[PDB]
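To be precise, the following lines are run.txt, and they hold compact mmCIF, C-alpha atoms and all ligand atoms.
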```
# COMPACT_ATOMS: atom_id res chain seq x y z
CA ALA A 203 148.71 126.03 73.92
CA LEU A 204 152.26 126.78 75.06
CA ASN A 205 153.55 123.31 75.93
CA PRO A 206 156.21 122.66 78.58
CA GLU A 207 158.94 122.41 75.94
CA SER A 208 158.20 125.76 74.33
CA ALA A 209 157.91 127.28 77.83
CA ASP A 210 161.62 126.67 78.36
CA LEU A 211 162.51 128.60 75.21
CA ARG A 212 160.53 131.69 76.33
CA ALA A 213 162.49 131.73 79.56
CA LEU A 214 165.71 131.77 77.52
CA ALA A 215 164.35 134.56 75.31
CA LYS A 216 163.57 136.75 78.32
CA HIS A 217 166.95 136.10 79.91
CA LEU A 218 168.81 137.18 76.79
CA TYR A 219 166.70 140.30 76.24
CA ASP A 220 167.41 141.20 79.81
CA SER A 221 171.19 140.85 79.33
CA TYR A 222 170.88 142.71 76.04
CA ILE A 223 169.24 145.72 77.71
CA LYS A 224 171.87 145.50 80.43
CA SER A 225 174.89 145.38 78.09
CA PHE A 226 173.94 147.90 75.38
CA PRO A 227 173.30 151.54 76.49
CA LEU A 228 171.58 152.50 73.23
CA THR A 229 168.91 149.99 72.14
CA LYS A 230 167.04 150.03 68.81
CA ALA A 231 163.94 151.26 70.64
CA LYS A 232 165.78 154.37 71.91
CA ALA A 233 167.48 154.82 68.52
CA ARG A 234 164.15 154.79 66.68
CA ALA A 235 162.62 157.20 69.16
CA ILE A 236 165.44 159.65 68.53
CA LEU A 237 165.42 159.16 64.75
CA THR A 238 161.68 159.71 64.32
CA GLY A 239 160.98 163.07 65.95
CA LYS A 240 159.32 161.14 68.76
CA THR A 241 160.61 163.89 71.05
CA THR A 242 161.83 167.41 71.76
CA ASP A 243 164.34 166.45 74.45
CA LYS A 244 166.26 163.77 72.60
CA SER A 245 166.68 165.33 69.15
CA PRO A 246 170.24 165.08 67.71
CA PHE A 247 172.56 167.68 66.25
CA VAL A 248 173.15 166.98 62.58
CA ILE A 249 176.46 166.88 60.72
CA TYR A 250 176.24 167.06 56.94
CA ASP A 251 179.19 169.24 55.98
CA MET A 252 182.62 170.37 57.15
CA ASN A 253 181.23 173.42 58.90
CA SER A 254 178.54 171.55 60.85
CA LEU A 255 181.20 169.01 61.82
CA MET A 256 183.31 171.59 63.63
CA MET A 257 180.20 173.36 64.91
CA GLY A 258 179.33 169.93 66.22
CA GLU A 259 182.36 169.36 68.43
CA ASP A 260 181.17 170.87 71.72
CA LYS A 275 194.76 165.98 62.24
CA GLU A 276 192.21 166.05 59.40
CA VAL A 277 188.49 165.40 59.01
CA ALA A 278 188.58 161.98 57.35
CA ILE A 279 191.25 160.70 59.72
CA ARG A 280 189.69 162.22 62.83
CA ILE A 281 186.40 160.51 61.96
CA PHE A 282 188.12 157.15 61.36
CA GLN A 283 189.89 157.19 64.71
CA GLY A 284 186.49 157.96 66.21
CA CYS A 285 184.87 154.85 64.75
CA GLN A 286 187.90 152.92 65.98
CA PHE A 287 187.25 153.99 69.56
CA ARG A 288 183.59 153.02 69.33
CA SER A 289 184.21 149.60 67.74
CA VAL A 290 186.50 148.64 70.58
CA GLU A 291 183.84 149.84 72.98
CA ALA A 292 181.28 147.72 71.13
CA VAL A 293 183.56 144.67 71.26
CA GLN A 294 183.64 145.25 75.03
CA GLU A 295 179.84 145.42 75.20
CA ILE A 296 179.33 142.41 72.93
CA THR A 297 181.93 140.56 74.98
CA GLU A 298 180.01 141.20 78.20
CA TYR A 299 176.80 140.10 76.48
CA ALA A 300 178.49 136.86 75.38
CA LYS A 301 179.19 135.85 78.98
CA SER A 302 175.45 135.94 79.68
CA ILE A 303 174.68 133.37 76.97
CA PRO A 304 174.06 130.12 78.83
CA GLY A 305 176.99 127.78 78.25
CA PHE A 306 179.38 130.22 76.61
CA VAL A 307 181.76 130.71 79.54
CA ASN A 308 181.63 126.99 80.19
CA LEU A 309 183.21 126.24 76.83
CA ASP A 310 186.90 125.71 76.06
CA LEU A 311 188.63 129.02 76.75
CA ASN A 312 190.15 128.93 73.25
CA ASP A 313 186.87 128.45 71.45
CA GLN A 314 185.49 131.37 73.50
CA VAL A 315 188.14 133.57 71.94
CA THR A 316 187.49 132.21 68.46
CA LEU A 317 183.72 132.71 68.66
CA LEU A 318 184.30 136.32 69.72
CA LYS A 319 186.92 137.20 67.15
CA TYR A 320 184.69 135.90 64.34
CA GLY A 321 181.40 137.11 65.76
CA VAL A 322 182.16 140.63 66.99
CA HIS A 323 181.99 142.43 63.66
CA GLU A 324 179.00 140.52 62.34
CA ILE A 325 177.21 141.62 65.51
CA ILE A 326 178.46 145.21 65.29
CA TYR A 327 177.04 145.64 61.76
CA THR A 328 173.73 144.09 62.83
CA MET A 329 173.26 146.47 65.70
CA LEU A 330 174.67 149.40 63.75
CA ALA A 331 171.60 149.06 61.52
CA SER A 332 169.60 149.98 64.63
CA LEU A 333 171.19 153.44 64.55
CA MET A 334 170.65 153.94 60.81
CA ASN A 335 167.97 155.07 58.36
CA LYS A 336 168.65 155.71 54.67
CA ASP A 337 169.85 159.28 55.32
CA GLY A 338 172.44 158.65 58.03
CA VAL A 339 173.53 157.23 61.35
CA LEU A 340 173.41 158.29 64.99
CA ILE A 341 176.74 158.99 66.73
CA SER A 342 177.92 159.74 70.25
CA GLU A 343 175.29 157.62 71.95
CA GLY A 344 172.52 159.27 69.96
CA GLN A 345 173.42 162.94 70.59
CA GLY A 346 174.61 163.36 67.02
CA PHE A 347 173.57 162.28 63.53
CA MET A 348 176.01 162.11 60.62
CA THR A 349 174.49 162.11 57.14
CA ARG A 350 175.26 159.41 54.60
CA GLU A 351 176.25 162.08 52.05
CA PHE A 352 178.89 163.64 54.31
CA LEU A 353 180.47 160.22 54.91
CA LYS A 354 180.18 159.23 51.26
CA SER A 355 182.14 162.39 50.47
CA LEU A 356 185.14 162.05 52.78
CA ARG A 357 188.64 161.92 51.32
CA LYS A 358 189.43 158.74 49.40
CA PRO A 359 189.31 155.96 50.24
CA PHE A 360 187.48 156.70 53.51
CA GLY A 361 184.38 157.71 51.57
CA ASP A 362 183.78 154.04 50.81
CA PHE A 363 183.96 152.75 54.36
CA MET A 364 180.37 153.34 55.45
CA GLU A 365 178.36 152.96 52.24
CA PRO A 366 178.23 149.11 52.34
CA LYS A 367 176.84 149.08 55.90
CA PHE A 368 174.13 151.59 54.97
CA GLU A 369 172.97 149.32 52.17
CA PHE A 370 172.73 146.45 54.61
CA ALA A 371 170.94 148.55 57.19
CA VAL A 372 168.22 149.72 54.81
CA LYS A 373 167.40 146.19 53.64
CA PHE A 374 167.81 144.75 57.14
CA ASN A 375 165.54 147.34 58.73
CA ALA A 376 162.72 146.31 56.41
CA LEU A 377 162.37 143.16 58.53
CA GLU A 378 161.25 145.46 61.35
CA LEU A 379 162.86 143.49 64.17
CA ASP A 380 162.88 144.82 67.71
CA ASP A 381 165.46 144.47 70.51
CA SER A 382 163.94 141.31 71.98
CA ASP A 383 164.23 139.67 68.53
CA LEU A 384 167.76 140.99 68.03
CA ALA A 385 169.01 139.77 71.40
CA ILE A 386 168.53 136.13 70.36
CA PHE A 387 169.67 136.63 66.78
CA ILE A 388 173.06 138.02 67.88
CA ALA A 389 173.38 135.10 70.32
CA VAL A 390 172.83 132.74 67.39
CA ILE A 391 175.58 134.59 65.53
CA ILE A 392 178.19 134.11 68.26
CA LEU A 393 177.42 130.48 68.95
CA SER A 394 178.10 129.27 65.42
CA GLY A 395 179.93 125.97 65.09
CA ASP A 396 181.17 126.67 61.59
CA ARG A 397 183.88 129.05 62.85
CA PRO A 398 187.54 128.61 61.79
CA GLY A 399 189.72 126.89 64.40
CA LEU A 400 187.07 125.63 66.81
CA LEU A 401 188.36 122.81 69.00
CA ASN A 402 184.99 121.36 70.11
CA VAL A 403 182.25 122.13 67.58
CA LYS A 404 179.66 119.83 69.20
CA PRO A 405 179.13 121.74 72.48
CA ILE A 406 178.79 124.92 70.46
CA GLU A 407 176.20 123.46 68.10
CA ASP A 408 174.12 122.11 70.99
CA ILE A 409 173.88 125.66 72.31
CA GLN A 410 173.06 127.23 68.95
CA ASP A 411 170.40 124.57 68.45
CA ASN A 412 168.02 125.75 71.18
CA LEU A 413 169.08 129.35 70.60
CA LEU A 414 167.68 128.87 67.05
CA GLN A 415 164.71 127.22 68.74
CA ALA A 416 164.30 130.28 70.96
CA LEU A 417 164.52 132.70 68.03
CA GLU A 418 161.98 130.77 65.97
CA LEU A 419 159.33 130.82 68.70
CA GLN A 420 160.23 134.42 69.49
CA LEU A 421 159.77 135.46 65.88
CA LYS A 422 156.68 133.27 65.60
CA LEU A 423 154.90 134.88 68.53
CA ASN A 424 156.21 138.42 68.03
CA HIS A 425 155.51 138.56 64.27
CA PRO A 426 152.57 136.21 63.63
CA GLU A 427 152.05 137.92 60.25
CA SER A 428 155.59 137.87 58.91
CA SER A 429 155.64 134.71 56.78
CA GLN A 430 159.01 132.94 57.05
CA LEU A 431 160.66 135.72 59.07
CA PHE A 432 162.91 133.10 60.64
CA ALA A 433 164.37 132.06 57.26
CA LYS A 434 164.52 135.64 55.96
CA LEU A 435 166.56 136.74 58.99
CA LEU A 436 168.90 133.75 58.86
CA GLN A 437 169.61 134.56 55.20
CA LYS A 438 170.75 138.03 56.22
CA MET A 439 173.66 136.30 57.95
CA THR A 440 175.16 136.05 54.48
CA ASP A 441 175.07 139.80 54.11
CA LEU A 442 176.95 140.41 57.36
CA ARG A 443 179.71 138.08 56.18
CA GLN A 444 180.31 139.95 52.92
CA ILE A 445 180.30 143.26 54.82
CA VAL A 446 183.12 141.93 57.02
CA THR A 447 185.02 140.56 54.01
CA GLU A 448 185.28 143.80 52.05
CA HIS A 449 185.79 145.92 55.16
CA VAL A 450 188.89 143.86 55.81
CA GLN A 451 190.55 144.56 52.47
CA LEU A 452 189.57 148.20 52.94
CA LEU A 453 191.71 148.40 56.07
CA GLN A 454 194.59 146.77 54.21
CA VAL A 455 194.49 149.78 51.89
CA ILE A 456 194.28 152.30 54.74
CA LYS A 457 197.35 150.59 56.22
CA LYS A 458 199.43 151.28 53.13
CA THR A 459 198.22 154.81 52.36
CA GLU A 460 198.35 156.00 55.98
CA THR A 461 201.60 154.83 57.61
CA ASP A 462 201.12 157.24 60.51
CA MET A 463 197.65 156.00 61.43
CA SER A 464 197.20 153.60 64.35
CA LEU A 465 194.78 150.66 64.18
CA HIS A 466 193.87 149.72 67.77
CA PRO A 467 195.72 146.55 68.94
CA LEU A 468 192.51 144.84 70.07
CA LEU A 469 191.08 145.46 66.62
CA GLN A 470 194.33 144.34 65.02
CA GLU A 471 194.16 141.04 66.93
CA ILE A 472 190.66 140.28 65.72
CA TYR A 473 191.78 140.62 62.12
CA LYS A 474 194.62 138.06 62.00
CA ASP A 475 191.92 135.73 60.57
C1 LIG B 501 181.50 159.52 63.97
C2 LIG B 501 182.46 158.96 65.02
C3 LIG B 501 182.36 159.68 66.21
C4 LIG B 501 181.81 159.11 67.34
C5 LIG B 501 181.31 157.80 67.30
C6 LIG B 501 180.11 157.74 67.98
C7 LIG B 501 179.22 156.69 67.71
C8 LIG B 501 179.56 155.73 66.79
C9 LIG B 501 178.43 155.38 66.04
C10 LIG B 501 178.47 155.42 64.65
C11 LIG B 501 179.62 155.81 63.97
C12 LIG B 501 179.63 155.23 62.70
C13 LIG B 501 180.25 154.00 62.49
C14 LIG B 501 180.89 153.33 63.53
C15 LIG B 501 180.29 152.10 63.74
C16 LIG B 501 181.02 150.93 63.59
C17 LIG B 501 182.36 150.98 63.25
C18 LIG B 501 182.48 151.04 61.86
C19 LIG B 501 183.27 150.12 61.17
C20 LIG B 501 183.96 149.12 61.84
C21 LIG B 501 185.46 149.45 61.93
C22 LIG B 501 186.26 148.31 62.52
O1 LIG B 501 185.89 147.86 63.63
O2 LIG B 501 187.24 147.90 61.85
```

If you convert what's in this file into C-alpha cells, what do you get?
Amino acid sequence: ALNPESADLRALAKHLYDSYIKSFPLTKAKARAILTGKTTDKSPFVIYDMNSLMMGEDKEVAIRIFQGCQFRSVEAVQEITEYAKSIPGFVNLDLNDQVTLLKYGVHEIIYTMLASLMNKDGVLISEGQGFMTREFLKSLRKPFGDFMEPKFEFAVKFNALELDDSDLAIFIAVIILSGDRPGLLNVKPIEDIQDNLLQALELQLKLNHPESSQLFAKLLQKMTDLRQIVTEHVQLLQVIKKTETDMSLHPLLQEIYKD
C-alpha cells in the first residue's frame, strides 16, 4: 500500500544512499565487517601501546596522533562537502547559507559517522587497516587523553540503535539542512528541504526497522548528543592552542571554528 506520495520519498532515499556510497570510501557495512572477524583478508593491525604504535607505522606520540586526526577531519569535511552537493536543493540555495550549513554541520556529521568505525574497545584508523584501542588514546599525554573519550561514549549509545548506511545517509542530510543554524539568510528554503528529508527518513526507518518502536524520535534526540560533543571539543582545542604554541591547526578547520 505504498501510495504515490510515499513513492516519491523512497526515490529520494535511494538517491541519497547512492551518493553516500559514492562519497564515503569506508561505509558502516565495511567497518562492521572488519570489526567483527567477518574475514581473514581485512583484519586490522592493532595499536594499544607505544611499542605497537611504532611497530604499526609501516615530534612526539600525542602530537603526532593529533596531527593525524587533523588530516583526516579535513578529508572528511571534503567528503561531507561533496555529499552535500548531491542533496537536492542544496547547491541551489544562497551561496552564503551553503557555507553556513556546512560550517555548522560538518562536525556533527563527522561524529555520527565516526561511530560507524567504533565499538567500545576502540576505533578503526587509516581506512580500516588499523585499529587504535580506547585505552591507548585515553592514556595519551594530557590533555590529549581527553579528546576521544566523549566520542566513544556517544558511539556506544548511538550504535545501540543499529542503523545501517541507508538510514544514515538520510539522517546526515537532515543534519546539514537544518534551518536553526546561526546566520542563515533564508531559513524558509532550507526548512522546506529538511521537511521532506525528515519525511524520507521516517518512511525509511519505518520500512527498514518495522520493530523498532519510535526509532525516528530516538534518532532525532541523538542530535542533542552531537551538539554537546562539538561544544566541549571546541573548548578543548582552545586549551591545546595555549599549551602547544608550536602546533598548527589546519586553516580550513580554523575557519569552521570562528562560530
Ligand atoms: C590515528 C590517526 C591516524 C590516522 C587517521 C586515520 C583514520 C582516522 C580515523 C580515526 C581516527 C580517530 C579520530 C579521528 C576522527 C575524527 C577527528 C577527531 C576529532 C575531530 C577533530 C577536529 O576536527 O577538530

For ligand LIG 501 (chain B), which residue among A:248, A:439, A:400, A:204 is the nearest when counting all atoms listed in the file?
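Among the listed residues, A:248 lies closest to ligand LIG 501 (chain B).
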
For the interface of chain A with ligand LIG 501 (chain B) (cut-off 6 Å, counting only C-alpha atoms and all ligand atoms), please tabulate each contacting residue of chain A alongside its nearest pair of atoms and their separation in Å to one decimal, rows sorted by chain and increasing number, as JSON lines.
```
{"residue": "A:281", "atom": "CA", "partner": "B:LIG501", "partner_atom": "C2", "distance": 5.2}
{"residue": "A:284", "atom": "CA", "partner": "B:LIG501", "partner_atom": "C2", "distance": 4.3}
{"residue": "A:285", "atom": "CA", "partner": "B:LIG501", "partner_atom": "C14", "distance": 4.4}
{"residue": "A:286", "atom": "CA", "partner": "B:LIG501", "partner_atom": "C21", "distance": 5.9}
{"residue": "A:288", "atom": "CA", "partner": "B:LIG501", "partner_atom": "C8", "distance": 5.5}
{"residue": "A:289", "atom": "CA", "partner": "B:LIG501", "partner_atom": "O1", "distance": 4.8}
{"residue": "A:340", "atom": "CA", "partner": "B:LIG501", "partner_atom": "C10", "distance": 5.8}
{"residue": "A:341", "atom": "CA", "partner": "B:LIG501", "partner_atom": "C7", "distance": 3.5}
{"residue": "A:342", "atom": "CA", "partner": "B:LIG501", "partner_atom": "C6", "distance": 3.7}
{"residue": "A:343", "atom": "CA", "partner": "B:LIG501", "partner_atom": "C7", "distance": 5.9}
```

Identify, on the basis of only C-alpha atoms, every residue whose closest approach to residue A:324 does not exceed 7 Å; exclude the query and any residue fewer than 2 positions from it along the same chain; express the result as a tab-separated table (two decimals) with C-alpha atoms, in the coordinates of the input.
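And here's around-v1.tsv as it stands now:
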```
chain	number	residue	atom	x	y	z
A	321	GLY	CA	181.40	137.11	65.76
A	322	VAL	CA	182.16	140.63	66.99
A	326	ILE	CA	178.46	145.21	65.29
A	327	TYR	CA	177.04	145.64	61.76
A	328	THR	CA	173.73	144.09	62.83
A	442	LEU	CA	176.95	140.41	57.36
A	443	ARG	CA	179.71	138.08	56.18
A	446	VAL	CA	183.12	141.93	57.02
```

Find the residues with any atom within 7 Å of (167.2, 146.4, 64.3); use all atoms listed in the file and the coordinates as given in the file, and write the answer as a ChimeraX atom specification.
/A:230,329,331-332,375,378-381,384

Have a look at A:336, A:224, A:350, A:280 and name the one nearest to residue A:295; count only C-alpha atoms.
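Once distances to residue A:295 are computed over only C-alpha atoms, the minimum belongs to A:224.
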
Mind pulling up the distance from atom CA of residue A:360 to atom CA of residue A:228?
25.7 Å

Computed gap from atom CA of residue A:437 to atom CA of residue A:353 is 27.9 Å

From the list A:448, A:260, A:418, A:313, which residue is nearest residue A:430 when using all atoms listed in the file?
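Among A:448, A:260, A:418, A:313, it is A:418 that comes nearest to residue A:430.
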
For residue A:386, the nearest of the candidates A:451, A:475, A:411, A:366, counting all atoms listed in the file:
A:411

Skip residue A:394 itself and residues of its chain fewer than 2 positions away, then list as an NGL selection string all residues within 10 Å of it, counting all atoms listed in the file.
:A and (317 or 320-321 or 389-392 or 396-397 or 400 or 403 or 406-411)

What does the distance from atom CA of residue A:356 to atom CA of residue A:456 come to in Å, to one decimal?
13.5 Å
